[PDB]
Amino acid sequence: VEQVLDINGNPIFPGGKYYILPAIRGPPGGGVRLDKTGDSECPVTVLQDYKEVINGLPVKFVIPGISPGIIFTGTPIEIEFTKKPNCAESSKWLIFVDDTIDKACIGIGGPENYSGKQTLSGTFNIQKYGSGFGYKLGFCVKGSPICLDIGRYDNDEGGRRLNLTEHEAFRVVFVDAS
C-alpha cells in the first residue's frame, strides 16, 4: 500500500488527467482511446492503440471510498475518460462481456450501449507490476475478492481490447496529460 506515481515521480491525484501508456516503449503500442466495435453505432469500446506516437485520450481516477487526496495501490477506484462522445451516457469505464471473443472487456457508456450483453459491476484498482518499472490495472467483481488483472486482446480493430485476464497483465505507466 503505497502512493501510485506518474512517470515524473509525482503522486496520481484523483481528478487529475493522465494518459495510460505501456511501461515498455516501442512494440507494445500507444495509449488508450475509444472506438466502435462489433456493429455498435457509438464509440464505447476501450482500445489500446497500435502505435506509440498515439498517446490517446486522458483518464481521471475517482475514488468512491474516503479520500486522502492521493490514489494508493490496491484502492478501489473508478476510471473515466475526460472527453466522451454524445451517444455515450457516461465516460466511466465499465466491464462488458463479449460473447464473440469470450472476454470481459473494458467499455464506457450505459445499459443502452450494450443491448443483448452482460456487464459486470465492480471497481478497478492499480498495483505495482511485481518486477521492474510500472503498474497493472485490476478489476474486482462487486464487493468481492474476485479480482483479475487487466490484460490486452487483439481483435484486429485498429487497436487491442483491454480485458480481464488470469494470465499476462498489461504493464502500464501514467503520464500527466496537461
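Residue indices: 1-based, along the sequence shown.
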Between 96-104 and 70-78 (mean CA B-factor, as deposited), the higher: 96-104
Maximum C-alpha temperature factor, selected from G109, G26, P64, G31: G26
Most elevated Cα B-factor in the entry, residues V59, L120, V53, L47: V53
CA B-factor ranking of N163, expressed as a third of its chain: lowest
Within-chain third of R152 by Cα B-factor, per the entry: middle
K128, C-alpha B-factor rank within chain (lowest, middle or highest third): middle
Ranked C-alpha temperature factor of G138 among modelled chain residues, by third: lowest
Ranked C-alpha temperature factor of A177 among modelled chain residues, by third: middle
